[PDB]
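For reference, the structure discussed in these notes is given below.
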Amino acid sequence: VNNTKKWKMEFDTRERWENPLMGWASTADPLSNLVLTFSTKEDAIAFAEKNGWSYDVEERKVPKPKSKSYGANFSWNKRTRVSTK
Amino acid sequence: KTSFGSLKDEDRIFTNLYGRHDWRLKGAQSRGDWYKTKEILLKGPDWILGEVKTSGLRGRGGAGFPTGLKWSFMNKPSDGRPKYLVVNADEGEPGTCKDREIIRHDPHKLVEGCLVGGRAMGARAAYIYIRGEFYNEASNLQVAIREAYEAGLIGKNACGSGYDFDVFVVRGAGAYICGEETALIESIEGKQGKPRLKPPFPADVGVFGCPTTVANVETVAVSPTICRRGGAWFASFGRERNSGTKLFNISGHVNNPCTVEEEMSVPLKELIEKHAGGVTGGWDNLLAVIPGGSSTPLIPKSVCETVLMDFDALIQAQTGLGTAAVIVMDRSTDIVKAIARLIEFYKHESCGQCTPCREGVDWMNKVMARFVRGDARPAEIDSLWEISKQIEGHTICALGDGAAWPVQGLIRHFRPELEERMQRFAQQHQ
Amino acid sequence: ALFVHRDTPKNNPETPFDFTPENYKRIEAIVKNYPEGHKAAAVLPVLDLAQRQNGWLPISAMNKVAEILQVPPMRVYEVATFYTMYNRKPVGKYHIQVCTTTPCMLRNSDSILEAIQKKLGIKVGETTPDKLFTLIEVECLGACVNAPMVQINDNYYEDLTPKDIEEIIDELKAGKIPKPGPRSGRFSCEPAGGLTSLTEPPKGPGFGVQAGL
Ligand SMILES: Cc1cc2nc3c(=O)[nH]c(=O)nc-3n(C[C@H](O)[C@H](O)[C@H](O)COP(=O)(O)O)c2cc1C
Ligand code: SF4
Ligand code: FES
């Protein structure tokens, strides 16, 4: 989860096409590889608003806390028994 | 008492150890079993657990945990689920053949131990997990359990005390890992005998997820004698915190390999030279002795001269007491081949669940197989030491510890033999 | 020696297996030993019962055990491959199991293995061409003071020499059945030079019993 720690700013993907000579992926998009790293959401919003870029924000998706118990694998009457181990 | 050993027949718990008398109910009642059992059952759980705690009984399975303190983990009010005493009769340890003798020759003592120990912990029934190779012993115990049901000693209204207690026998199917308590619980539940992590302890979540105590045949079978004869009687033998009598299996390179009952803190030299007829070729022919079955590190002849055969004297002797299965090895023994065959046992008997034992016990078998021939260099001795220390204390159960400890004992006492093996390999194969 | 299966014409899911009706009553008695809701606890005894009826386990005994216990078939395959008694190949009529761990190896079980091999003409793992004997090499059988020793299908033949085990193989080829014990003079596990203990008459009931009990 080390790659899920920071905020990012990428742009919309533009056209890529086959180079006639070599079959390479040509582009006319200068901002195609531009990826910026931000610590918070507000810093990325401020850098988008500062440069006149139109943005959308997706909120951070944190994994919810799970209830883990090794002894639930061997319950007397519940369905959460394991059939093997 | 400063000198131990020399145990008389009036103090032997396991009379009819040798099959010399009738193992059935008319024989067992005439030797002292099933006497005043209703009076033991009617004095409650706390009296019986106090008599086991006062007797200083420790677990005979190899761990040596205090048995009364272990069994009082079940002394708690019910929460709907039943409670189960489970008798560990697997006995897959190399050197160990004593619970076979208890089940084959004193079966009603095991049944009465199941009844008394199950009343002490409030258990509904007793599942005895016997070894599947012990088929004649299993049918032997089954005839005894039918005799104890038909006499009203177990079952509905057990011994006339108003207690309902069944006794079951579950046969294993050939895995040494099913002697470990949680893997035995998994094997009763109909799965692979793979050990559980702790917590939960079996007293919380055991067989079928009920409260459960797993105990050895021997520590269950001595419990009616500890109730009848008293705890202070059984605690009058051996050193303090090493109380009682013990079945000792002497095998290997002795003249008369035998199962024998003996006092706890007996000398090992006195035990071998009294009950086994000495080492083959005299005591000067002694090379090493694995004191307690295969999971304990060997100790050489210089250590075995004055060592006492209880838990504390062997832990201070940088080994263990274990199942007290004395494998005796003479000076005509390739000791590296014997420890390599023992590590070969531990990789053919390992359930493969967690990474350190599954990978490292096979890798120790490969390094020991190169050490037997000598196809190695002396940096690999310390390499094998560090591999055994990476296995120890990192596995789920103690088969990793029990497979690392023979390697450690062999290195620690016989590094020069490994070194001269490898250097003569180098000077004759290059 | 493999732990995957391939359907052969003598081992496939259409190999005929079914329990005898008296074995169905035995399976009823087995399943009644375990709590209700935990019928899967009878996987080991019913699979051993199927091996005792059939001699070995095809993959229809495993499917029948999975069918009459309402468990997944993979959960029976796990048990059948985990435990080393379940013969997933057809073994001979007398399955000889020589112990070669250290308490039997120190008392020269290799000479017994060599004697069984040169008597039967086979090696470790092979079956005789008339399907009477399968010689495999096993781990500690739990009869260590009676070392060296073999097991032949249920029975422990103990304190063996090469002559003793050759006599056993002779009378197993002769259709008889031998006596399962130590082949030396002693009876079960005592010291061979007489009893070093338990010679006195045992006391009987009431001896050493504490007061108030
Ligand atoms: C690999 C392994 C094998 C074991 N085998 C046995 C056994 O065969 N018999 C036994 O009583 N205990 C065996 N034990 C010890 C048990 O885990 C447990 O300590 C014992 O069965 C019950 O405790 P007790 O000593 O108080 O009776 C084994 C432990 C391990 C790690
Ligand atoms: S230590 Fe070995 S035998 Fe035990 S759970 Fe781990 S792999 Fe299995
Ligand atoms: S060593 Fe062969 S039976 Fe235990």
Side-chain angles (χ1 to χ4, degrees), chain A residues 85, chain B residues 52 57-71 86-100 117 129-131 133 172 175-186 192-198 202 213-223 249 251-252 257 293-295 322-323 325 327 341-342 345-347 349-362 391-392 394-404, chain C residues 97-107 109 138-151 156 158:
Chain A
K85 185 173 88 276
Chain B
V52 178
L57 178 63
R58 295 175 68 182
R60 307 296 187 188
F65 190 79
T67 299
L69 186 63
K70 182 181 178 181
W71 293 1
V86 176
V87 174
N88 191 347
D90 184 77
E91 201 185 14
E93 186 73 27
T96 304
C97 59
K98 60 178 176 63
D99 302 330
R100 179 174 184 262
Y129 185 81
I130 202 168
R131 189 172 184 170
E133 284 98 2
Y176 165 68
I177 187 54
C178 293
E180 200 275 337
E181 57 175 359
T182 56
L184 190 150
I185 281 171
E186 298 290 319
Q192 287 165 344
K194 293 190 170 180
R196 298 177 181 179
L197 280 78
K198 296 177 184 177
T213 290
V214 177
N216 195 6
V217 177
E218 186 178 0
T219 184
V220 162
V222 299
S223 59
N249 291 315
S251 65
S294 72
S295 70
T323 59
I327 302 167
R341 183 60 184 83
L342 209 61
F345 172 78
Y346 281 106
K347 74 158 283 291
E349 294 293 334
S350 175
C351 80
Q353 189 177 6
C354 72
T355 304
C357 171
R358 179 185 65 246
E359 302 294 327
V361 175
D362 196 1
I391 297 164
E392 183 181 6
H394 293 84
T395 62
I396 293 173
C397 79
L399 198 149
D401 299 337
Chain C
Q97 295 174 356
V98 182
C99 181
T100 57
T101 56
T102 299
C104 287
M105 183 179 71
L106 291 173
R107 295 187 65 85
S109 64
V138 297
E139 303 296 327
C140 176
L141 290 171
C144 306
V145 300
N146 294 112
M149 53 82 63
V150 305
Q151 185 180 5
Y156 282 179
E158 293 171 351

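Throughout, protein chains are lettered first and strands after them, A, B, ... in sequence-line order, and every chain is numbered starting at 1. The analysis underlying the following values was restricted to heavy atoms, covering all of them including side chains, and did not include hydrogens, waters or symmetry mates. Both ligands and their constituent atoms are indexed starting at 1 by order of listing.
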What part of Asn216(B), side chain from CB on, backbone N/CA/C/O, both or neither, has a heavy atom under 4.0 Å from ligand 1?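 Under 4.0 Å from ligand 1, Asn216(B) contributes backbone and side-chain atoms.
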Determine the minimum heavy-atom distance between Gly142(C) and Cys97(B), stating which atoms define it.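 That closest heavy-atom pairing would be O-CB, 3.3 Å.
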Measure the distance from [atom] to every protein heavy atom, then report the residue, atom name and distance (to 0.1 Å) of the closest one.
| atom | answer |
| --- | --- |
| atom 25 (O) of ligand 1 | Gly61(B) N, 2.9 Å |
| atom 2 (C) of ligand 1 | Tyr176(B) OH, 3.9 Å |
| atom 24 (P) of ligand 1 | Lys70(B) NZ, 3.5 Å |
| atom 29 (C) of ligand 1 | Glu180(B) CA, 3.9 Å |

Compare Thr395(B), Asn88(B), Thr213(B), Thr182(B) and give the one whose heavy atom is closest to atom 7 (C) of ligand 1.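 Selected option, by shortest heavy-atom distance: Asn88(B).
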Given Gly400(B), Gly293(B), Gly179(B), which has its nearest heavy atom closest to atom 5 (N) of ligand 1?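 Minimum heavy-atom distance to atom 5 (N) of ligand 1 goes to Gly179(B).
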What is the number of protein N/O/S atoms located under 2.8 Å from atom 2 (Fe) of ligand 2?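 Protein heteroatoms (N, O, S) closer than 2.8 Å to atom 2 (Fe) of ligand 2 number 1.
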Distance criterion under 2.8 Å: protein N/O/S atoms around atom 2 (Fe) of ligand 3: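 N, O or S atoms of the protein closer than 2.8 Å: 2.
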Are any side-chain N or O atoms of [X] and backbone N or O atoms of [Y], one a donor and one an acceptor, separated by less than 3.5 Å?
| X | Y | value |
| --- | --- | --- |
| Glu349(B) | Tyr176(B) | yes |
| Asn88(B) | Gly179(B) | yes |
| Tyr346(B) | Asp362(B) | no |
| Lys70(B) | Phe65(B) | no |

Measuring from non-hydrogen atoms of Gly92(B) to any atom of ligand 1, is the shortest distance under 4.0 Å?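 Contact present.
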